[PDB]
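Visitor: Take a look at upload39.pdb, PDB, C-alpha atoms (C1' of nucleotides):
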MODEL        1
ATOM      1  CA  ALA A 456      27.059-108.308 255.597  1.00  0.00           C
ATOM      2  CA  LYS A 457      26.015-111.739 256.872  1.00  0.00           C
ATOM      3  CA  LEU A 458      23.628-110.004 259.285  1.00  0.00           C
ATOM      4  CA  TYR A 459      21.774-108.267 256.438  1.00  0.00           C
ATOM      5  CA  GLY A 460      21.488-111.408 254.313  1.00  0.00           C
ATOM      6  CA  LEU A 461      23.642-110.032 251.509  1.00  0.00           C
ATOM      7  CA  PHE A 462      25.621-112.341 249.231  1.00  0.00           C
ATOM      8  CA  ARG A 463      28.140-109.822 247.845  1.00  0.00           C
ATOM      9  CA  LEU A 464      30.167-107.012 249.398  1.00  0.00           C
ATOM     10  CA  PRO A 465      29.203-103.651 247.846  1.00  0.00           C
ATOM     11  CA  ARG A 466      32.051-101.765 246.214  1.00  0.00           C
ATOM     12  CA  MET A 467      33.230 -99.349 248.903  1.00  0.00           C
ATOM     13  CA  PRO A 468      36.621 -97.843 249.726  1.00  0.00           C
ATOM     14  CA  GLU A 469      36.270 -99.458 253.154  1.00  0.00           C
ATOM     15  CA  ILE A 470      35.668-102.936 251.717  1.00  0.00           C
ATOM     16  CA  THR A 471      38.541-102.693 249.230  1.00  0.00           C
ATOM     17  CA  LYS A 472      41.051-101.287 251.721  1.00  0.00           C
ATOM     18  CA  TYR A 473      40.296-102.757 255.145  1.00  0.00           C
ATOM     19  CA  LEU A 474      39.196-106.156 253.813  1.00  0.00           C
ATOM     20  CA  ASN A 486      33.712-111.054 246.617  1.00  0.00           C
ATOM     21  CA  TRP A 487      30.911-113.591 247.102  1.00  0.00           C
ATOM     22  CA  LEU A 488      29.575-114.686 250.484  1.00  0.00           C
ATOM     23  CA  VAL A 489      27.667-117.502 248.771  1.00  0.00           C
ATOM     24  CA  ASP A 490      30.304-119.818 247.336  1.00  0.00           C
ATOM     25  CA  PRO A 491      28.307-120.717 244.184  1.00  0.00           C
ATOM     26  CA  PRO A 492      27.768-117.238 242.727  1.00  0.00           C
ATOM     27  CA  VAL A 493      24.425-116.115 241.312  1.00  0.00           C
ATOM     28  CA  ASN A 494      24.292-113.965 238.186  1.00  0.00           C
ATOM     29  CA  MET A 495      22.247-110.766 238.149  1.00  0.00           C
ATOM     30  CA  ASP A 496      21.102-111.351 234.555  1.00  0.00           C
ATOM     31  CA  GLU A 497      18.606-114.046 235.589  1.00  0.00           C
ATOM     32  CA  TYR A 498      17.571-112.061 238.690  1.00  0.00           C
ATOM     33  CA  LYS A 499      14.021-110.828 238.045  1.00  0.00           C
ATOM     34  CA  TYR A 500      12.817-107.560 239.582  1.00  0.00           C
ATOM     35  CA  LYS A 501       9.287-109.062 239.957  1.00  0.00           C
ATOM     36  CA  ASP A 502       7.775-105.600 239.274  1.00  0.00           C
ATOM     37  CA  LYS A 503       6.346-105.165 235.792  1.00  0.00           C
ATOM     38  CA  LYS A 504       7.091-101.467 235.270  1.00  0.00           C
ATOM     39  CA  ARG A 505      10.746-101.749 236.318  1.00  0.00           C
ATOM     40  CA  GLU A 506      11.384-105.146 234.701  1.00  0.00           C
ATOM     41  CA  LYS A 507      11.257-103.625 231.218  1.00  0.00           C
ATOM     42  CA  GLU A 508      13.483-100.748 232.347  1.00  0.00           C
ATOM     43  CA  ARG A 509      16.052-103.224 233.672  1.00  0.00           C
ATOM     44  CA  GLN A 510      15.954-105.235 230.444  1.00  0.00           C
ATOM     45  CA  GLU A 511      16.360-102.056 228.381  1.00  0.00           C
ATOM     46  CA  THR A 512      19.375-101.027 230.466  1.00  0.00           C
ATOM     47  CA  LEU A 513      20.811-104.532 230.056  1.00  0.00           C
ATOM     48  CA  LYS A 514      20.420-104.246 226.279  1.00  0.00           C
ATOM     49  CA  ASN A 515      22.244-100.887 226.507  1.00  0.00           C
ATOM     50  CA  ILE A 516      25.224-102.184 228.488  1.00  0.00           C
ATOM     51  CA  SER A 517      27.888-101.366 225.898  1.00  0.00           C
ATOM     52  CA  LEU A 518      26.534 -97.880 225.179  1.00  0.00           C
ATOM     53  CA  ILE A 519      26.529 -96.808 228.832  1.00  0.00           C
ATOM     54  CA  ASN A 520      29.934 -98.456 229.277  1.00  0.00           C
ATOM     55  CA  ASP A 521      31.323 -96.384 226.397  1.00  0.00           C
ATOM     56  CA  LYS A 522      29.715 -93.230 227.798  1.00  0.00           C
ATOM     57  CA  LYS A 523      31.539 -93.861 231.073  1.00  0.00           C
ATOM     58  CA  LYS A 524      34.742 -94.652 229.148  1.00  0.00           C
ATOM     59  CA  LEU A 525      34.596 -91.305 227.349  1.00  0.00           C
ATOM     60  CA  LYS A 526      33.873 -89.584 230.666  1.00  0.00           C
ATOM     61  CA  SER A 527      36.922 -91.292 232.185  1.00  0.00           C
ATOM     62  CA  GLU A 528      39.148 -90.216 229.294  1.00  0.00           C
ATOM     63  CA  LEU A 529      37.912 -86.622 229.539  1.00  0.00           C
ATOM     64  CA  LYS A 530      38.571 -86.667 233.291  1.00  0.00           C
ATOM     65  CA  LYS A 531      42.072 -87.956 232.509  1.00  0.00           C
ATOM     66  CA  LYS A 532      42.711 -85.063 230.128  1.00  0.00           C
ATOM     67  CA  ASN A 533      41.336 -82.500 232.611  1.00  0.00           C
ATOM     68  CA  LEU A 534      43.482 -83.543 235.586  1.00  0.00           C
ATOM     69  CA  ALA A 535      46.432 -81.532 236.892  1.00  0.00           C
ATOM     70  CA  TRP A 536      48.949 -81.105 234.048  1.00  0.00           C
ATOM     71  CA  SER A 537      47.616 -84.098 232.134  1.00  0.00           C
ATOM     72  CA  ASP A 538      49.901 -83.665 229.112  1.00  0.00           C
ATOM     73  CA  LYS A 539      52.931 -83.859 231.404  1.00  0.00           C
ATOM     74  CA  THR A 540      51.472 -86.978 233.041  1.00  0.00           C
ATOM     75  CA  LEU A 541      51.074 -88.669 229.653  1.00  0.00           C
ATOM     76  CA  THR A 542      54.657 -87.683 228.812  1.00  0.00           C
ATOM     77  CA  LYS A 543      55.908 -89.200 232.077  1.00  0.00           C
ATOM     78  CA  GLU A 544      53.900 -92.367 231.434  1.00  0.00           C
ATOM     79  CA  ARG A 545      55.468 -92.539 227.966  1.00  0.00           C
ATOM     80  CA  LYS A 546      58.980 -92.271 229.401  1.00  0.00           C
ATOM     81  CA  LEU A 547      58.323 -94.803 232.172  1.00  0.00           C
ATOM     82  CA  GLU A 548      56.698 -97.254 229.758  1.00  0.00           C
ATOM     83  CA  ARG A 549      59.571 -96.985 227.277  1.00  0.00           C
ATOM     84  CA  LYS A 550      62.232 -97.494 229.953  1.00  0.00           C
ATOM     85  CA  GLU A 551      60.357-100.362 231.623  1.00  0.00           C
ATOM     86  CA  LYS A 552      59.634-102.157 228.340  1.00  0.00           C
ATOM     87  CA  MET A 553      63.284-101.740 227.352  1.00  0.00           C
ATOM     88  CA  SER A 554      64.454-103.225 230.663  1.00  0.00           C
ATOM     89  CA  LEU A 555      61.871-106.020 230.298  1.00  0.00           C
ATOM     90  CA  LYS A 556      63.932-107.382 227.382  1.00  0.00           C
ATOM     91  CA  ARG A 557      67.425-106.083 228.210  1.00  0.00           C
ATOM     92  CA  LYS A 558      67.468-107.959 231.520  1.00  0.00           C
ATOM     93  CA  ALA A 559      66.377-111.220 229.873  1.00  0.00           C
ATOM     94  CA  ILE A 560      68.783-111.088 226.910  1.00  0.00           C
TER      95      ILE A 560
ATOM     96  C1'   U B   1      61.455 -28.885 223.838  1.00  0.00           C
ATOM     97  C1'   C B   2      57.847 -33.144 221.404  1.00  0.00           C
ATOM     98  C1'   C B   3      57.200 -38.526 219.020  1.00  0.00           C
ATOM     99  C1'   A B   4      59.927 -43.281 219.515  1.00  0.00           C
ATOM    100  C1'   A B   5      59.356 -50.834 216.164  1.00  0.00           C
ATOM    101  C1'   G B   6      61.361 -55.703 216.794  1.00  0.00           C
ATOM    102  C1'   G B   7      64.961 -59.702 218.136  1.00  0.00           C
ATOM    103  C1'   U B   8      69.072 -61.299 221.067  1.00  0.00           C
ATOM    104  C1'   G B   9      70.944 -60.564 225.255  1.00  0.00           C
ATOM    105  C1'   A B  10      68.246 -64.353 229.080  1.00  0.00           C
ATOM    106  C1'   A B  11      72.707 -58.853 234.288  1.00  0.00           C
ATOM    107  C1'   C B  12      71.114 -51.013 232.736  1.00  0.00           C
ATOM    108  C1'   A B  13      74.601 -52.495 228.883  1.00  0.00           C
ATOM    109  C1'   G B  14      76.425 -53.957 224.144  1.00  0.00           C
ATOM    110  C1'   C B  15      75.089 -56.515 219.040  1.00  0.00           C
ATOM    111  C1'   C B  16      71.603 -56.992 214.767  1.00  0.00           C
ATOM    112  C1'   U B  17      67.556 -55.457 211.871  1.00  0.00           C
ATOM    113  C1'   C B  18      62.144 -53.060 210.101  1.00  0.00           C
ATOM    114  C1'   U B  19      60.041 -47.801 208.580  1.00  0.00           C
ATOM    115  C1'   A B  20      62.926 -43.447 207.322  1.00  0.00           C
ATOM    116  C1'   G B  21      67.471 -41.232 205.999  1.00  0.00           C
ATOM    117  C1'   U B  22      72.955 -41.402 204.346  1.00  0.00           C
ATOM    118  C1'   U B  23      77.490 -42.910 201.145  1.00  0.00           C
ATOM    119  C1'   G B  24      79.517 -36.634 203.567  1.00  0.00           C
ATOM    120  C1'   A B  25      85.034 -35.953 204.518  1.00  0.00           C
ATOM    121  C1'   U B  26      90.814 -33.781 197.633  1.00  0.00           C
ATOM    122  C1'   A B  27      92.189 -38.553 194.804  1.00  0.00           C
ATOM    123  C1'   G B  28      96.113 -42.338 192.737  1.00  0.00           C
ATOM    124  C1'   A B  29     100.596 -45.301 193.648  1.00  0.00           C
ATOM    125  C1'   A B  30     104.105 -47.428 196.623  1.00  0.00           C
ATOM    126  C1'   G B  31      98.087 -53.742 220.096  1.00  0.00           C
ATOM    127  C1'   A B  32      99.778 -58.927 220.198  1.00  0.00           C
ATOM    128  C1'   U B  33     103.274 -63.087 220.503  1.00  0.00           C
ATOM    129  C1'   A B  34     107.863 -65.339 221.975  1.00  0.00           C
ATOM    130  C1'   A B  35     112.599 -70.874 224.302  1.00  0.00           C
ATOM    131  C1'   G B  36     115.413 -70.700 229.578  1.00  0.00           C
ATOM    132  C1'   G B  37     115.669 -67.557 233.872  1.00  0.00           C
ATOM    133  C1'   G B  38     111.701 -64.760 236.771  1.00  0.00           C
ATOM    134  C1'   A B  39     112.575 -57.826 239.090  1.00  0.00           C
ATOM    135  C1'   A B  40     118.906 -60.107 238.259  1.00  0.00           C
ATOM    136  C1'   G B  41     116.054 -53.462 235.462  1.00  0.00           C
ATOM    137  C1'   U B  42     114.984 -48.875 237.794  1.00  0.00           C
ATOM    138  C1'   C B  43     115.977 -43.991 243.158  1.00  0.00           C
ATOM    139  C1'   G B  44     111.591 -46.679 243.476  1.00  0.00           C
ATOM    140  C1'   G B  45     107.643 -53.505 239.936  1.00  0.00           C
ATOM    141  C1'   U B  46      73.978 -70.210 232.787  1.00  0.00           C
ATOM    142  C1'   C B  47      74.602 -75.859 231.370  1.00  0.00           C
ATOM    143  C1'   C B  48      74.085 -82.795 231.485  1.00  0.00           C
ATOM    144  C1'   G B  49      71.094 -87.377 235.424  1.00  0.00           C
ATOM    145  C1'   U B  50      67.125 -87.272 239.687  1.00  0.00           C
ATOM    146  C1'   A B  51      62.843 -86.897 242.438  1.00  0.00           C
ATOM    147  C1'   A B  52      58.599 -84.655 244.826  1.00  0.00           C
ATOM    148  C1'   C B  53      55.629 -80.636 243.816  1.00  0.00           C
ATOM    149  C1'   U B  54      53.313 -76.896 241.016  1.00  0.00           C
ATOM    150  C1'   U B  55      47.824 -72.831 237.520  1.00  0.00           C
ATOM    151  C1'   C B  56      42.493 -71.228 236.782  1.00  0.00           C
ATOM    152  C1'   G B  57      37.199 -72.336 237.371  1.00  0.00           C
ATOM    153  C1'   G B  58      33.068 -75.495 238.558  1.00  0.00           C
ATOM    154  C1'   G B  59      31.852 -78.275 241.827  1.00  0.00           C
ATOM    155  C1'   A B  60      29.030 -79.631 248.241  1.00  0.00           C
ATOM    156  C1'   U B  61      27.605 -84.254 250.320  1.00  0.00           C
ATOM    157  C1'   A B  62      32.711 -91.266 251.417  1.00  0.00           C
ATOM    158  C1'   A B  63      35.227 -92.689 246.641  1.00  0.00           C
ATOM    159  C1'   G B  64      35.716 -91.965 241.232  1.00  0.00           C
ATOM    160  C1'   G B  65      37.385 -98.230 236.760  1.00  0.00           C
ATOM    161  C1'   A B  66      33.939-100.273 239.460  1.00  0.00           C
ATOM    162  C1'   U B  67      29.094-104.588 242.050  1.00  0.00           C
ATOM    163  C1'   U B  68      27.378 -97.095 243.671  1.00  0.00           C
ATOM    164  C1'   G B  69      23.535 -98.157 246.689  1.00  0.00           C
ATOM    165  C1'   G B  70      26.126 -93.886 251.454  1.00  0.00           C
ATOM    166  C1'   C B  71      24.186 -91.537 258.521  1.00  0.00           C
ATOM    167  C1'   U B  72      20.198 -89.280 262.630  1.00  0.00           C
ATOM    168  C1'   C B  73      16.802 -85.188 263.226  1.00  0.00           C
ATOM    169  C1'   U B  74      15.195 -81.007 260.632  1.00  0.00           C
ATOM    170  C1'   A B  75      11.101 -75.912 255.673  1.00  0.00           C
ATOM    171  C1'   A B  76       9.832 -77.352 249.999  1.00  0.00           C
ATOM    172  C1'   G B  77      11.656 -81.633 246.443  1.00  0.00           C
ATOM    173  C1'   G B  78       6.550 -80.888 239.235  1.00  0.00           C
ATOM    174  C1'   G B  79       0.905 -81.545 238.615  1.00  0.00           C
ATOM    175  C1'   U B  80      -3.163 -84.827 238.885  1.00  0.00           C
ATOM    176  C1'   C B  81      -5.904 -89.359 239.592  1.00  0.00           C
ATOM    177  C1'   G B  82      -7.139 -94.149 241.809  1.00  0.00           C
ATOM    178  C1'   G B  83      -9.320 -98.609 247.265  1.00  0.00           C
ATOM    179  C1'   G B  84     -13.120-104.109 248.651  1.00  0.00           C
ATOM    180  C1'   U B  85     -17.853-107.587 249.305  1.00  0.00           C
ATOM    181  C1'   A B  86     -23.259-107.417 250.196  1.00  0.00           C
ATOM    182  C1'   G B  87     -28.522-105.290 250.398  1.00  0.00           C
TER     183        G B  87
ENDMDL
END
Please render this file's structure as structure tokens.
Guide:
Amino acid sequence: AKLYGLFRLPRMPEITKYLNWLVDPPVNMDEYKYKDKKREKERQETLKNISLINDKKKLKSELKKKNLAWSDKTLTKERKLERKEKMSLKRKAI
RNA sequence: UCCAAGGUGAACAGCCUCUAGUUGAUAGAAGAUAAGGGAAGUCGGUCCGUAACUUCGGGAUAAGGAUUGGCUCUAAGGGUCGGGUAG
């Protein structure tokens, strides 16, 4: 990454598992200008639509959750585990 | 010789009911258990607590909460248009 001049490790399975900001004072992407007129307005439009695309991805994630292998059973198991763990989280302290 | 509902049984079975048929058969009155001994007899004694898993399609392309951008060569990857200074 230092060879290529990058200042942030791209999100990869390899980076997360086998190994962020290379430049210690981080730089925000909001003030980073594309310098190309046609794509600058597209970037600003996408920035103004951050919450909408985030919610689209959230709904996609929920629908993927409900379509996984025996999802209702998984939610049931999460319910049981959460109840038991949150009961022990106070029963041990008391 | 023909037709042939459902539920439990969760082992053909048995039990109960739906549709449909019966109330026929003179009427009234008034096997089980057992203390102690133990053959002394006789011919002859499916349901409560775990964990991993686990079904169909569509998807190709390394993943699928995150900052997605993802190899080399190899047919096509919607159409079109547009290039300077001087005489």
Visitor: Would you compute the distance between atom CA of residue A:522 and atom CA of residue A:508? Give it in Å to one decimal.
Guide: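 So the two atoms, atom CA of residue A:522 and atom CA of residue A:508, lie 18.5 Å apart.
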Visitor: As a count of residues only, could you give me every residue of chain B near chain A (at most 8 Å apart, counting all atoms listed in the file)?
Guide: 6
Visitor: So what do you get for atom CA of residue A:541 versus atom CA of residue A:528, distance-wise?
Guide: 12.0 Å
Visitor: Please write as a VMD selection string the full residue list that the PyMOL selection byres ((chain B and resi 50-57) around 12) yields on this file.
Guide: (chain A and resid 533 to 536 539) or (chain B and resid 48 to 49 58 to 59)
Visitor: One decimal, Å: what's the distance from atom CA of residue A:488 over to atom CA of residue A:456, could you say?
Guide: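 Between atom CA of residue A:488 and atom CA of residue A:456 the gap works out to 8.6 Å.
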Visitor: Within 12 Å of residue B:6, counting all atoms listed in the file, which residues show up once you throw out same-chain ones fewer than 4 positions away? Write them as a list in words, please.
Guide: residues 16, 17, 18 and 19 of chain B
